[PDB]
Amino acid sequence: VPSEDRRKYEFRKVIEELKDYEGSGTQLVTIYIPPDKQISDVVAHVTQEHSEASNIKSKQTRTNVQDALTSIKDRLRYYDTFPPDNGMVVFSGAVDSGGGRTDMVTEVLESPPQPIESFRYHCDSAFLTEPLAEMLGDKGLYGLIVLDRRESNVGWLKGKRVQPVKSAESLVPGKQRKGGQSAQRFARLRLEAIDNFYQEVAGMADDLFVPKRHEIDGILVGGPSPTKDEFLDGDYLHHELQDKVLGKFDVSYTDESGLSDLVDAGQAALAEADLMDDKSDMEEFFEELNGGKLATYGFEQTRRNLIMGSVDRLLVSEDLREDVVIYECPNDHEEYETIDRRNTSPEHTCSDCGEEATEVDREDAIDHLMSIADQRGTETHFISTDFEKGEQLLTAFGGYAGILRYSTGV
C-alpha cells in the first residue's frame, strides 16, 4: 500500500481512463466491495447475475454481459478471503473499440484513500466511478476533542469520516436546586475534580494520539462558552498536544455528534493544516530558485537530475494530467515529449539530426519520473494547486520540479 497522495493520483488517472470507455449497450459491470465484505460472497453474487443474464433478450448483450461476469470470477481467484485495506472496486466489460470490434476491459482499484462503505453491484453503459471520485476529497489525520461541563468526546477525523473513540462524564456533584438562599458549592472539591477531569481528557488524548505520533496533522478542540477556553487556557491538556492544536471552536453539543460539529466549524482551519507539508516544500523550492542553486524544474531537467540521484525531493503537481511519449531515432537518441493525456501522440522531429522520430512507448509522465525517484530513494511529494506557490508549480513551472542536494552542470 503506497503513499496516500500517490494513491489519490493513481485513482484519478485510472478513473479518467475508465470513463473514456463505452459499451454498445448495458454490459459494463462495476462492483464496490467493502473490506469486511467476503470475497466468496461477491463471487456468489456474480454467479447469480451470470445465471440471470441468460434471461437477456438480445444475444450480443447476453454474450457480452456473461463474458464480463466470467472475467470477474477469474480475477477474484487472485484475491484472498477479504479485499485489501479500505476495500476494492472491480470494473469489467466488453468495450467498444473501432469497427464493431470489442475488447474486454477488466480492472480492479485496490485500497482507496477512504475505505469503501457499502457493497454495490452496478451494470451500465458506463463504469460507475462517480462514487469513487468522491472518496478522493480529503486527506489527513486529525485529533478531535469536544468537552462540556457535563461530558467529553475524543475521536478521529480520518479524511472526511469522523470516528468517536473515547468518552467521559462530569464527575462533579449534580445540578439540582437553584437559590433557596442556599449554595452548597463544593469549592475546593469541584476544582480538584475539574482539574482531574481535564487531566483525564489529556490522558485520553495521550492514549489515542501518541500512537499515531507525528502521523496526526493537527488537533481540533471544541466546546461552548469559556468551558473550552477554560480547558484550553489552563494548562491541563499537556503542552505536547497543545502544540498541534489548530484552534478552539464554539460547539454547544458535546455528545458523539459534537465531533462532527467541530469538524464543520473548523473546516477553514483544517484546509490550511492540509497545506502544511506542501507550503513548506514550495517555500524551500522557491528559496533555492532565488538562491540560484539546488533547484530544477520542467520535465526534461527534472528527469536528468533524477537519474543522477541528485534530487532530495521530487515535486510534482497533483493536478498534472500529462503523458510522456518516448521516442527512438535511427541514431539511438531517446527523445521525450509531454502532452495532455487525451491527445494523440505528437509527431516529433528529432533535434540532434532533424529526422522524423518514431514513437516506441507512452506512459504517465509522473509515473515515469516517480519510478526513477524510487530507484534512487528520492521522496516524491504531490503538491496541491490550492495555494499560490502550489498553483505556480503547475502554471509557471509545468508541474515538474525538484530540490537538489548537490547542484551540478547545465
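Don't overthink the numbering: it's just position in the shown sequence, from 1.
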property	result
Mean C-alpha B-factor comparison - 227 to 235 and 307 to 315, higher one	227 to 235
Mean C-alpha temperature factor, higher of 102 to 110 and 79 to 87	79 to 87
Residue of maximum C-alpha B factor among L157, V172, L132, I326, per deposited coordinates	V172
Top Cα B factor in the deposited entry, candidates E347, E379, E363, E52	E347
Chain thirds of CA B-factor: placement of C353	highest
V165 by Cα B-factor - lowest, middle or highest third of the modelled chain	middle
Ranked against its chain, the third holding the CA B-factor of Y142	middle
Relative C-alpha B-factor of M204, binned into the chain's lowest, middle or highest third	highest
Ranked C-alpha temperature factor of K212 among modelled chain residues, by third	highest
